[PDB]
Amino acid sequence: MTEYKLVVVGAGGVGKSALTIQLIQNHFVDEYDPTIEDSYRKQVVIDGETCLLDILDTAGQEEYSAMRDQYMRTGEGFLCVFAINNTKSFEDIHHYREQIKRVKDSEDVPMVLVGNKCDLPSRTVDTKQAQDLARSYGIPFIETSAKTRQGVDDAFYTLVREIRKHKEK
Ligand SMILES: C#Cc1c(F)ccc2cc(O)cc(-c3ncc4c(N5C[C@H]6CC[C@@H](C5)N6C(=O)[C@@H]5OC(=O)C5(C)C)nc(OC[C@@]56CCCN5C[C@H](F)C6)nc4c3F)c12
Ligand SMILES: Nc1nc2c(ncn2[C@@H]2O[C@H](COP(=O)(O)OP(=O)(O)O)[C@@H](O)[C@H]2O)c(=O)[nH]1
Ligand SMILES: [Mg+2]
């Protein structure tokens, strides 16, 4: 059975843990310990293929050891998450994209840009800004809400499809 190692990255408070728990448990968790980094498995069928998705929900004090670089290098695909109500989280996307490219040593790593919290009315990052950033990286952009589940399956399944495309190159 094919396993896909997915890693969820992005600034604190964007909803990385809430997205992960909405995917694995179909529930919205209002409080998930901000400091805790952990991984979960979900078996799903995507385009007819039975998948094992191993999701790593990143967290913890900012550190850059050789061991952390090797841990992040295990990822096959990355969800780069910002929150639509937080301009700084969107501005930080470049940093996360560059750390992925740094440890993978490649200009072609499967990634999806995720604009989370789309259920909130206070949007400070318009869709056009994020669509432009994603087109500049050659990756898909998807808006999600971990609260309502809008776009959640689409974000993770689109990242699996990017990994499949990459393996065919
Ligand atoms: C990811 C990642 C990553 C990759 F995607 C690929 C290879 C990596 C290889 C590496 O070795 C390391 C990392 C890595 N690990 C942690 C990171 C991290 N955390 C983790 C999360 C998110 C913010 C805060 C601190 N968090 C928390 O969970 C905190 O724990 C809490 O509780 C919070 C207070 C919520 N912060 C940042 O950057 C934050 C900024 C803002 C301040 C300066 N810094 C520089 C820019 F400006 C942006 N970068 C990080 C980083 F690159 C790698
Ligand atoms: N309204 C709403 N709140 C969310 C959503 N995702 C996360 N949150 C909330 O935002 C805060 C941070 O979420 P969390 O998953 O801990 O962010 P992380 O630090 O990226 O893991 C919590 O209070 C969550 O309930 C969402 O899509 N909509
Ligand atoms: Mg978290």
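Going from the start of the chain as shown, residues are counted 1 onward.
Determined via X-ray crystallography, 1.3 Å.
Even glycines carry a Cβ here, placed using N, Cα and C.
Taken straight from Swiss-Prot:
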- 10-18, 29-35, 59-60, 116-119: GTP binding site (BINDING)
- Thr35: (Microbial infection) O-linked (Glc) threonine (CARBOHYD)
- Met1: N-acetylmethionine (MOD_RES)
- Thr2: N-acetylthreonine (MOD_RES)
- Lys104: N6-acetyllysine (MOD_RES)
- 32-40: motif 'Effector region' (MOTIF)
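Distance from the CA of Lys104 (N6-acetyllysine) to the CA of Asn116 (GTP binding site) is 25 Å. Residues 12-13, 17-18, 20-21, 24, 54-61 of the same chain lie 6+ residues outside the motif 'Effector region' (32-40) yet bring a C-beta within less than 8 angstroms of a C-beta in it.
Rounded to the nearest whole angstrom, the C-alpha distance between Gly13 (GTP binding site) and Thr2 (N-acetylthreonine) is 31. In the vicinity of ligand 1, defined as a Cβ distance under 6 Å, the following of the recorded positions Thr2, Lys16, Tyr32, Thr35, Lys104 are placed: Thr35. Neighbour counts were taken as the number of other C-beta atoms within 10 angstroms of each residue's C-beta; across the recorded positions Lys16, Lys104, the minimum falls on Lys104. With the fewest other C-beta atoms within 10 Å around its C-beta, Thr35 stands out among the recorded positions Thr2, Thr35, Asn116. Using a 10 Å radius centred on the Cβ of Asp119 (GTP binding site) and all shown protein chains, the other Cβ atoms total 15. The shortest Cα-Cα distance from the residue listed as 'N-acetylthreonine' to any of the binding-site residues (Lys16, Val29, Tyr32, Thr35, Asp119) is found for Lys16. Taking a Cβ cut-off of under 6 Å from any atom of ligand 2, the recorded positions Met1, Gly13, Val29, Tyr32, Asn116, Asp119 reduce to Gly13, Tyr32, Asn116, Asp119. The binding-site residues considered are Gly10, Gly13; of these, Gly13 has the fewest other C-beta atoms within 10 angstroms of its C-beta. The DSSP secondary structure for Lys104 (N6-acetyllysine) is helix. Mapped onto three states, the DSSP output places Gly10 (GTP binding site) in strand.
Proximity to ligand 3 (Cβ under 6 Å from any of its atoms) holds for none of the recorded positions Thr2, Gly13, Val29, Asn116. Working note on the recorded positions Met1, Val29: by count of other C-beta atoms within 10 Å of each C-beta, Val29 ranks first.
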